[PDB]
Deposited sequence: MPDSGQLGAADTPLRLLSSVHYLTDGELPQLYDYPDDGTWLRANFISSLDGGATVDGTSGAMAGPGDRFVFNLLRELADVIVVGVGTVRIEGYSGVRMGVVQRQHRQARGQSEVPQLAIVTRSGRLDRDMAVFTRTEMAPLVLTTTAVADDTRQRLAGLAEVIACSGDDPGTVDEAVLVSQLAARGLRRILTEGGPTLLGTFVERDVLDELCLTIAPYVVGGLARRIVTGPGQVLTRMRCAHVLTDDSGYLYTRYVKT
């Protein structure tokens, strides 16, 4: 008559002061966290973007995770982003933690082919980082002189990005608390290379049908077990989950 199953139910209302402890980074070491939203049937997009599906809670969560991060890493696909916005209180919180007032943005591109004309370069407090390959880093540095710091992230193939090198290059610059929000190609590479430490996933209570892509894309296939650290909900039936690599 016994089963391994237990009913979950809401046991505690969270104040905005208790949220940071549920999502804090470790005290030490580098930590790469992803934060994505998807539908129940695994779809990442509605009309080409993720925004349509966001829950009453998602803005507390998405804004908190940006506030906690040293750097937000984004793929060049989804940039096409502006400078991350921090409000007054967010800046104060960051300072009290000894971080910069606003997190750095880091754009991953294998080819380095970003035009000087982009909002990631224009509407922003801080020169973004461009993470790219050894093969193209010098040319890219020259082309983006003044607009971005360009960093070579290659492993044994100077024509590709090694995602473990990428994470160590950020940590070498004091950016060890890393957040990524997209896109699916980038996330797929972190998952394929087994460098993703934690996935925060908002499960939106919709089905969207078969057209949408998943939150990850690409040829990778892995089977990486994660531990469920927490599940939050709201009155709208969204689940805000946090899973950390076992």
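Undergrad: Where the model has no C-alpha, note the corresponding stretch of the deposited sequence, numbering from 1.
TA: Counting from residue 1, the stretches without coordinates are 1-9, 90-92.
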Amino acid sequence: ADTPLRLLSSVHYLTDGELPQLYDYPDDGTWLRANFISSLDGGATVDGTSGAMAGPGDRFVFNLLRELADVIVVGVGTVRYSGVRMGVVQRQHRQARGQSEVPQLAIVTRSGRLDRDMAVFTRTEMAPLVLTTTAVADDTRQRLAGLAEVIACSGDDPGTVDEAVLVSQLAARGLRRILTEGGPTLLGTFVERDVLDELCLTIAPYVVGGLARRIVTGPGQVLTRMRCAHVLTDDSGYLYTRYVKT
From here on, numbers count along this sequence of modelled residues.
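C-alpha atoms forming the largest set that superposes within 1.5 Å between two forms make up the rigid core.
Undergrad: Which of these two stretches, 186-194 or 51-59, has the larger RMS Cα offset in 6 other deposited structures of this protein when the rigid core is kept aligned?
TA: If we average over structures and residues in 6 other deposited structures of this protein, the farther stretch is 51-59.
Undergrad: Would you mind working out which of 67-75 and 155-163 sits farther from this form in 6 other deposited structures of this protein by RMS C-alpha distance, with the rigid core as the fit?
TA: Once the cores are fitted, 155-163 deviates more in 6 other deposited structures of this protein.
Undergrad: With respect to the recorded C-alpha B factors, which stretch has the higher mean value, 90-98 or 70-78?
TA: Taking the mean C-alpha B-factor of 90-98 and of 70-78, the larger value falls to 90-98.
Undergrad: Report the stretch with the higher mean CA temperature factor, choosing between 198-206 and 48-56 on the basis of the entry.
TA: Of 48-56 and 198-206, the stretch with the higher C-alpha B-factor average is 48-56.
Undergrad: Among the candidates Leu170, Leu114, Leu131, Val84, give the one with the maximum CA B-factor reported in the record.
TA: The C-alpha B-factor peaks, among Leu170, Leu114, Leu131, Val84, at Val84.
Undergrad: From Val150, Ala106, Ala135, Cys153, can you pick the one with the highest C-alpha B factor in the entry?
TA: Highest C-alpha B-factor among the listed residues goes to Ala135.
Undergrad: Split into thirds by Cα B-factor across the chain's modelled residues, where does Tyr13 land: lowest, middle or highest?
TA: For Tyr13, whose C-alpha B-factor we compare with every modelled residue in the chain, the answer is the highest third.
Undergrad: So where's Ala1 on the chain's Cα temperature factor ranking, which third?
TA: Answer is highest: the recorded C-alpha B-factor places it there.
Undergrad: Using the B-factors in the PDB entry, rank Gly42's C-alpha atom against the chain and give the third, lowest, middle or highest.
TA: Tercile = lowest for this residue's CA B-factor.
Undergrad: Considering every modelled residue of the chain and its Cα B-factor in the PDB entry, is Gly218 in the lowest, middle or highest third?
TA: Middle third - that is where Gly218 ends up once the chain's C-alpha B-factors are sorted.
Undergrad: By its CA B factor, does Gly29 count among the lowest, middle or highest third of the modelled residues in the chain?
TA: Highest third.
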